[PDB]
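First comes one chain, alone, set out as structure tokens in the form whose entry title says "open conformation".
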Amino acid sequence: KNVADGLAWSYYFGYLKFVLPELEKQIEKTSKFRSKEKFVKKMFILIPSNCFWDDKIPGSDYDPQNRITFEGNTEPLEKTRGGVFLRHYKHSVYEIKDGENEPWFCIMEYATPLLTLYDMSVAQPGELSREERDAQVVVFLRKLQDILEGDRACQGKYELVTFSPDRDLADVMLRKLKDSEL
């Protein structure tokens, strides 16, 4: 009985399945983003091991050197799931310093279902102990991997980023941006 399984399936069917194939095209609707070099177009999905975040990424405890900057949002995508309810999806673009070189642009987002694991561990410790939460993050990660890898339309459109609350996200992101295919 893994609570993480329902969380991963819902994250996929209720969100990623339709935003990931369209992300690059949505980005390309903005001239500045068409003009920009070093703009990796994958969604970097952030999975902190403690299931927690409480603020904007720039200047946060994960950005101690202040090398991450909010640039702007992508053009919203429209989607109807209920057949009745229209929703607008957009993503945040961040600038990441690369020393004296041209800075990178990238798309970063926390995996929002992890808040449910966090909320559960604090409000219902009897249902989910701290150690059980740690284990469910790994389960969530592996299941989300299986799901996304099984969808050809999502291939090359995302990257899962796992890290400890002590890591420097700017350092983590620079390495991943440099290793990306673009």
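Numbers for residues come from their place in the sequence shown, where the first is 1. Here, rigid core means the biggest group of C-alpha atoms that superpose within 1.5 Å across both forms.
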Worksheet, complete the sentence: Going by the entry, of stretches 71-79 and 105-113 the one with greater average Cα B-factor is 71-79
Worksheet item: Which is higher in the entry, the mean Cα B factor of 94-102 or that of 80-88?
Response: 80-88
Response to the item:
Top Cα B-factor in this entry, restricted to 26, 129, 136, 66, sits on 66
Worksheet, complete the sentence: Temperature factor at the Cα of residue 21, chain-ranked in thirds, falls in the middle
Worksheet item: What third of its chain, lowest, middle or highest, does the C-alpha temperature factor of residue 4 fall into?
Response: lowest
Worksheet item: Lowest, middle or highest third: where is residue 62 by Cα B-factor in its chain?
Response: highest
Worksheet item: Thinking about Cα B factors across the chain, which third does residue 41 belong to?
Response: lowest
Worksheet entry | Among modelled residues of the same chain, the CA temperature factor third for residue 56 | highest
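The same protein has a further form, the form whose entry title says "closed conformation", not shown here; the description that follows concerns it.
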Fill in: Core-aligned C-alpha movement of residue 138 between this form and the one not shown reaching 2 Å
no
Discussion item. My question is whether residue 119 is one of the residues whose C-alpha shifts by 2 Å or more between this form and the one not shown, given a fit on the rigid core.
Written reply: yes
Discussion item. Residue 81: after superposing the rigid core, is there a C-alpha shift of 2 Å or more between this form and the one not shown?
Written reply: yes
